[PDB]
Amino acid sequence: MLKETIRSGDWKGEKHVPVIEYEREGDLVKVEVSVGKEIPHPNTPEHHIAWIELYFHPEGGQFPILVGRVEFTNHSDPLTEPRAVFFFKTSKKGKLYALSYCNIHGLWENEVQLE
């Protein structure tokens, strides 16, 4: 299947696994998703991190819900960093998932508990 192709652990050299960091003041959550924020992943017209989708899967919940989708659309100058910040309100607890795409290295995922 296609889900089989979704990786969640890097291989040395390149960095793909999305990093999910959040901040929460009551109901409003602040989420930062990124790829190669320290050890940058290549970013050129031929090889780059095209986009990152953010899902939220509430506890006692059947389906993950797509919160947002960000596209890094230029890879020369300007050079768009595969890094973004999303804003959403919710009163539920659950886990956040990040799905990222490298144009030549497929899909990648990660997660974090929204406490």
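One rule holds for the numbers: they count along the sequence shown, beginning at 1.
J.: Please compare 83 to 91 with 65 to 73 and say which has the higher mean C-alpha temperature factor in the record.
T.: 83 to 91 has the higher mean C-alpha B-factor.
J.: Comparing average C-alpha B factors as deposited, tell me which of 97 to 105 and 14 to 22 sits higher.
T.: Comparing 97 to 105 with 14 to 22, the higher mean C-alpha B-factor belongs to 14 to 22.
J.: Taking the chain's C-alpha temperature factors as the reference, tell me which third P40 falls into: lowest, middle or highest.
T.: For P40, the deposited C-alpha B-factor lands in the highest third.
J.: Split into thirds by Cα B-factor across the chain's modelled residues, where does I52 land: lowest, middle or highest?
T.: According to the entry, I52 has a C-alpha B-factor in the chain's lowest third.
J.: Grab the CA temperature factor for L28 from the record and place it in the lowest, middle or highest third of its chain.
T.: Ranked within chain, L28 CA B lands in the highest tercile.
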